[PDB]
Structures are given as structure tokens and as C-alpha cells.
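Here is the structure we will look at, set down as C-alpha cells.
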Amino acid sequence: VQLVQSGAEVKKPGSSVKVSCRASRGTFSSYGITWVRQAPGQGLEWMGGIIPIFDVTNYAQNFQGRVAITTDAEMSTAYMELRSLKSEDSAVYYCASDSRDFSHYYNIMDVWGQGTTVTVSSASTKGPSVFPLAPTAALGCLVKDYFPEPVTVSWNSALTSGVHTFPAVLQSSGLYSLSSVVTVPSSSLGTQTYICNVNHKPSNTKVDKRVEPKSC
Amino acid sequence: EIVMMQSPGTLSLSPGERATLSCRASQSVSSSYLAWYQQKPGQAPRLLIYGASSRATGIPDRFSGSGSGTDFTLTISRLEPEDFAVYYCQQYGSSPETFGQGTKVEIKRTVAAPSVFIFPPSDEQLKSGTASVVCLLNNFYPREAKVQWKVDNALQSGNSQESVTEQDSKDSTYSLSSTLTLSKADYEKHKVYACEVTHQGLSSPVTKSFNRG
């Protein structure tokens, strides 16, 4: 018994999103479904749920009037529709149900969907600008102003020890930025080449940046 | 509505040690409706305990819940490597249903001081209209660290962002990058760029800085 959620979505402010949550077996007919979201870096937040034994659907106050939770006729796919989207609604949305639907009268939420990322933004696809962070020494690449996530970085591809590629930060401009750094021996500089390899699949961007000692 | 308060925010233990996690409700919860969940990075939560003390299917008996009224506890009798994760309690005795803010169980190790590195905006980026100054704190423990930016020794705020790696699976340390972003015009109008770091691993705050030019 798994819950299959629909895939990731990128949405503009003011638009609407409908996330599905399909049961691979059984229905939600006895114990219902609950939806929960999680904003980047934050905790879990209840959005609402169906409770069949009371014949009600409950919603969290912050979303009343702009959220609908429903199911299909056979009650084996459930949906959460969230309207008038704003950028604060960017989150991973989860559905959860009860394995007895394959006391404790309620959905114990022991079966969880894999989550659906919803990114709300007026940004358009944009590849990053890749700038070297010139130099045991440290050096890196700054991978700036891209949308949407993700990018990948490696340092071709010998070097893996001492590499740190940081989580991206969302800038107020609505574009992402991150840095990837690596520490190396001071002795190696100008005795060994260093190049960061960046990919942004949604744009069609691949960049190979040499990172060289500043030599005044 | 009922506020769930978890403590401590971060529990730092060695593998094998017992973890006691607390969840306090702002008013009395019926016990029948108190649950605990575990969540690892980039995975969905998974239920550990429901009804305050009943263990979900297939959950190892090292996890146990207890408590009643306003006061609930999740105990992990000995920490296995896969148990380092974030734990949430939730009340569903009322609506809205609410979650605690989470407790992260992280690996304890000995204090390590960060290495601090500063990178001026790259010459290439200064062809653009923006300058990013970057400060690296490499391989430090504990997680708590303060990065303060100063521009001509004016403390900055509102204009930096930071990011931290997950605990390293080999040495249990963290790394952190802080980025100060300015317009190129603002970058040109000032001379001294400093990043001031404070970490319990350091006798006194460490400053790396440069002068533009």
C-alpha cells in the first residue's frame, strides 16, 4: 500500500494547483485522507482532511475559502486544490491515510505519499551565472541567479574529498543561488588545475569554470 | 487551537545513547490522539507512535511513547545510525490538528573551530550589476555560529543570506556559507569588507576582511 502523488509543479502567483494522491490499493472510504505541507526548512502544517465517520471535510483556518479537499467517485484518489496561490504557499505537500483502508477511530496516518513540490513564483526558467571563487586553501564557484531548482555541481569528477556544495538560497528576486567550495593543500595551487562542472537541466545550461589563483 | 511545544530543539547524542524527546500541549490533549513521526532529509514523514503509546506496524521496539494530559515523551532506547533525524509530535484530538515544531537528533562530537575564508566578488561578476561577497566556515561543531557582515565597519542586516550543509557522514561537522549581496554601485562606494564569525570553538570572534581594489 503506497500513496502516489502527482508530480512537481511551478505556478505563478494568483493561479491554482490541484495535487492528486492515488491509493495503489483499497480506498479512503473508512478513515479518509489528511493533507499536510512543509515549507522549505520549516515544520509540518495541517491543511485539512476528510473524516468519513462524521461526513465532514475540515480545513485549517489560514486556508479557508481557498482550499478544497475531495476524492474521485470510488474514493481511491484524493485531491487537494489550493487557489489564489502566493509565494508563501511554496512547499512540499503530503497526503496521508490509514493502512486499515487497504480504536483509534480516526486516520492514524501510517501510509504517506511521497510528497509533491509546489513552487510559487513569477520567475521564468533562467540558467545560472557561474563565477569562480578564487583561492590548506579554499576555492569554489558561485552559481547565481537561476530558476527553478535543481543544479548539480562536481569538480571533475577526481576531486570529491573536501567538497561542500551548499543548499541553494532563494533570493528576494525569486531566483536561486548557491555556492560549491573545496579545500585543498596550498602546495597544489598552480601545480594542479581545478574546474567546477555545473548543470541546470531546466534551462539548457552546462558550464565548466576554471578556478585559478589570483596572481597580483 | 492547541499549540504543541517540543523540546529541546536539537538533541545532540552519540550513537547508542538513549534519546528522550518532549512534547507539551498548551491545553490537555486526549491521549488517544497524540502521534509521533520521524522525518529524514528529503523523505516523507513516517509514523512511529499513535494513541500516545502504540507503536505503528513494523516500527522497532526501541521507539516508545508515554505521557498524558499536556505532557508527552518519545523515547528511543538506543540510537541507531538511521535514527538521527527530525521528530514531530501532533495532536489530532481537536481541529485544527497541530504539529510540534520538531526536534532534530544530531550526532554529538567534540567542539571543532571553523576555518574562515572570505571571497571578494569575482572580477567576472563585477562586469554585472551585482557583487556577492562570500564567507566560508569550514567543518565546525556545534552547529551554532554567528556571521556578522560589516561594510566600512557599519553592521549589515537585511542583505545577507546563509546556507549550511547536513552533518558530514564522516567527521560529523557542519559547513556554512554566508553571502552578502550589494549593487555594484554600492560595492564601489565602500572600501572595507569584513565577515565576523563567532563560534564556541573560538576564544574570541574571528574576522576575515579585505579592501576593495
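Quick note on naming: the chains in the C-alpha cells go A, B, ... in the order shown, residues restart at 1 in each chain, and ligands are numbered from 1 in order of appearance.
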- Query: Could you name the residues that touch region 177-191 of chain A at 9 Å or less, counting only C-alpha atoms, but leaving out those on the same chain fewer than 3 positions away, as a VMD selection string?
  - Reply: (chain A and resid 128 133 135 to 146 151 153 to 155 159 to 171 194 196 212 to 213) or (chain B and resid 134 136 138 163 177)
- Message: Could you list, as a PyMOL selection string, every residue within 9 Å of region 96-103 of chain B, counting only C-alpha atoms and ignoring same-chain residues fewer than 2 positions away?
- Response: (chain A and resi 42-48+58-61) or (chain B and resi 1-11+21-25+85-94+105)
- Message: Quick one: residues within 10 Å of region 75-77 of chain B, only C-alpha atoms, excluding same-chain residues fewer than 2 positions away - as a ChimeraX atom specification?
- Response: /B:16-22,60-66,72-73,79-80,83
Residues of the last selection are to be written out with N, CA, C and O atoms, as a CSV table (one decimal), in the first residue's frame.
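Saved to result34.csv:
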```
chain,number,residue,atom,x,y,z
B,16,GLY,N,24.0,5.0,20.0
B,16,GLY,CA,23.8,4.0,21.1
B,16,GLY,C,23.2,4.7,22.3
B,16,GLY,O,22.7,3.9,23.1
B,17,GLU,N,23.2,6.0,22.4
B,17,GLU,CA,22.7,6.6,23.6
B,17,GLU,C,21.2,6.7,23.6
B,17,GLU,O,20.5,6.6,22.5
B,18,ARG,N,20.5,6.8,24.7
B,18,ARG,CA,19.1,7.0,24.9
B,18,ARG,C,18.7,8.5,24.5
B,18,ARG,O,19.4,9.4,24.9
B,19,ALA,N,17.6,8.6,23.8
B,19,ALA,CA,17.0,10.0,23.4
B,19,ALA,C,15.7,10.1,24.0
B,19,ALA,O,14.9,9.1,23.9
B,20,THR,N,15.5,11.1,24.8
B,20,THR,CA,14.2,11.5,25.4
B,20,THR,C,13.8,12.8,24.7
B,20,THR,O,14.5,13.8,24.8
B,21,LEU,N,12.6,12.7,24.0
B,21,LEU,CA,12.1,13.9,23.3
B,21,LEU,C,10.8,14.3,24.0
B,21,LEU,O,10.0,13.4,24.3
B,22,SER,N,10.6,15.6,24.2
B,22,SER,CA,9.4,16.1,24.9
B,22,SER,C,8.4,16.9,24.0
B,22,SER,O,8.9,17.6,23.2
B,60,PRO,N,10.5,-0.5,15.1
B,60,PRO,CA,11.4,-1.3,16.1
B,60,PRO,C,11.0,-0.9,17.5
B,60,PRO,O,10.7,0.2,17.8
B,61,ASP,N,11.1,-1.9,18.4
B,61,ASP,CA,10.6,-1.6,19.8
B,61,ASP,C,11.5,-0.6,20.6
B,61,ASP,O,11.2,-0.3,21.6
B,62,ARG,N,12.7,-0.3,20.0
B,62,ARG,CA,13.4,0.8,20.7
B,62,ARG,C,12.7,2.1,20.7
B,62,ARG,O,13.0,2.9,21.6
B,63,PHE,N,11.7,2.4,19.9
B,63,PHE,CA,10.8,3.5,20.0
B,63,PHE,C,9.6,3.3,20.9
B,63,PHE,O,8.9,2.3,20.8
B,64,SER,N,9.4,4.2,21.9
B,64,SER,CA,8.2,4.0,22.8
B,64,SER,C,7.7,5.4,23.2
B,64,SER,O,8.5,6.4,23.3
B,65,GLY,N,6.4,5.5,23.3
B,65,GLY,CA,5.8,6.8,23.7
B,65,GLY,C,5.2,6.6,25.0
B,65,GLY,O,4.8,5.5,25.4
B,66,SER,N,5.0,7.7,25.8
B,66,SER,CA,4.3,7.7,27.0
B,66,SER,C,3.8,9.1,27.2
B,66,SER,O,4.1,10.0,26.4
B,72,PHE,N,3.9,14.7,27.0
B,72,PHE,CA,4.2,13.5,26.3
B,72,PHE,C,5.7,13.4,25.9
B,72,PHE,O,6.4,14.4,25.7
B,73,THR,N,6.1,12.1,25.9
B,73,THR,CA,7.5,11.8,25.6
B,73,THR,C,7.8,10.7,24.6
B,73,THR,O,7.1,9.6,24.7
B,79,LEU,N,20.2,4.8,20.2
B,79,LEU,CA,20.2,5.5,18.9
B,79,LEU,C,20.9,4.6,17.9
B,79,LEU,O,22.1,4.3,18.1
B,80,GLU,N,20.3,4.2,16.8
B,80,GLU,CA,20.9,3.5,15.7
B,80,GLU,C,21.3,4.6,14.7
B,80,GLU,O,20.8,5.7,14.7
B,83,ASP,N,18.7,6.6,13.1
B,83,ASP,CA,17.7,7.3,14.0
B,83,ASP,C,18.0,8.8,14.1
B,83,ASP,O,17.2,9.5,14.7
```
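Atom to atom, CA of residue 53 (chain B) and CA of residue 84 (chain B) stand 20.9 Å apart.
The space between CA of residue 101 (chain A) and CA of residue 54 (chain B) spans 18.6 Å.
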- Report the distance between CA of residue 141 (chain B) and CA of residue 46 (chain B) in Å, rounded to one decimal place. 28.4 Å
- In region 81-166 of chain B, what's helix (DSSP H, G or I) per DSSP? Answer as JSON, numbers by chain? {"B": [81, 82, 83, 125, 126, 127]}
- Query: Residues of region 3-145 of chain B in strand (DSSP E) according to DSSP, as a PyMOL selection string?
  - Reply: chain B and resi 4-7+10-13+19-25+34-39+46-50+54-55+63-68+71-76+86-91+98-99+103-107+115-119+130-140
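Look at residue 155 (chain B): the protein and nucleic acid residues within 10 Å of it, using only C-alpha atoms and passing over chain neighbours fewer than 4 places away, are residues 148, 149, 150, 151, 194, 195 and 196 of chain B.
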